[PDB]
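Data first, discussion second: the structure below is written as structure tokens.
Numbering (this note's numbering), first residue to last: 4 to 235.
This is the structure in structure tokens:
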């Protein structure tokens, strides 16, 4: 598979999200670029419908793992780029402890020269003055490692991991992610050995932006697969 060859330079990114959480509807559009050689993403997200009714951090994981940096001696475990350009479907349920849950379905694929992430999100059973609908989460994102396993019986990968959102009162809101990815096209895809992605995020604001928005810098790097015997 020559999908990896599509990520050797800097690749423009488009993210479009339609959301509906407890009947609060919203849209987000993001634009930026990805640099898979460094595992680097830089995007600016706009809530195009006005006010985002959930905290920006709760959408970070939903708003392009094909840009993770896989070390050379792990390239054969990079499912995400192998599925390109025909792309993959990314599906999650994100269960917020003692609160509601998101269900997401995304298509990540190339459209022209641009990597596009198109997401449908439905949120259900949230408390209107909980941490999510009540906007009680701090504007940041803790670094986290997410374990990846192959899903042979689906030709894809799966992953479950916990995100820990800092609450404004010092407590922590748990967001349990269950994720599954499957290719869109029928080409050959890499089924990795078990490994993890290591992720860091920096969230900020654009001074000259009055719209509700999030400026995001993200690094994703693959790890967890051992070495030792490499002399070609």
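Backbone N, C-alpha and C define an ideal beta-carbon position, used for all residues, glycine too.
Report task. Leaving aside the five residues before and after residue 46 along the sequence, list all residues of the same chain whose C-beta is less than 7 Å from its C-beta, in chain order. Result -> 16, 18, 33, 34, 35, 219
Requested in this report: State whether the stretch 175–184 contacts the stretch 91–100, with contact taken as three or more CB pairs (one from each stretch) at a distance under 8 Å.
Outcome: yes
Report task. Answer yes or no: the CB of residue 71 versus the heavy atoms of the ligand COA, is any distance below 6 Å? Result -> For the ligand COA, the structure offers nothing, since it holds no ligand at all.
Query raised in the report: Does the distance from the CB of residue 65 to the CB of residue 135 come in under 7 Å?
Result: no
Query raised in the report: Based on Cα-Cα distance, which residue from 77, 194, 201 lies nearest to residue 145?
Result: 201
Query raised in the report: Cβ of residue 37 within 7 Å of Cβ of residue 44?
Result: yes
Query raised in the report: Whose CA, out of 60, 108, 87, 188, lies closest to the CA of residue 182?
Result: 108
Query - For residue 10, three-class secondary structure by DSSP - result: helix
Query raised in the report: Pick from 142, 4, 104, 232: whose alpha carbon is nearest that of residue 59?
Result: 142
Query - 4 or more residues per run - each alpha helix (DSSP H) lying fully within the stretch 23–95 - result: 82–85
Requested in this report: Would you mind working out which of 214, 21, 27, 185 sits nearest residue 93, comparing C-alpha positions?
Outcome: 185
Requested in this report: Starting from the C-beta of residue 196, find all residues in its chain whose C-beta is less than 8 Å away, skip the five residues before and the five after it, and write them out in chain order.
Outcome: 80, 153, 228
Query raised in the report: Can you tell me the Cα-Cα spacing of residue 56 and residue 29, whole angstroms?
Result: 7 Å
Query raised in the report: In chain order, what residues of the same chain have a beta carbon less than 7 Å from the beta carbon of residue 139, not counting five sequence neighbours either side?
Result: 170, 171
Query - Candidates 7, 62, 225: closest to residue 22 by CA position - result: 62
Requested in this report: Look up residue 157 in the DSSP assignment and say whether it is helix, strand or coil.
Outcome: helix
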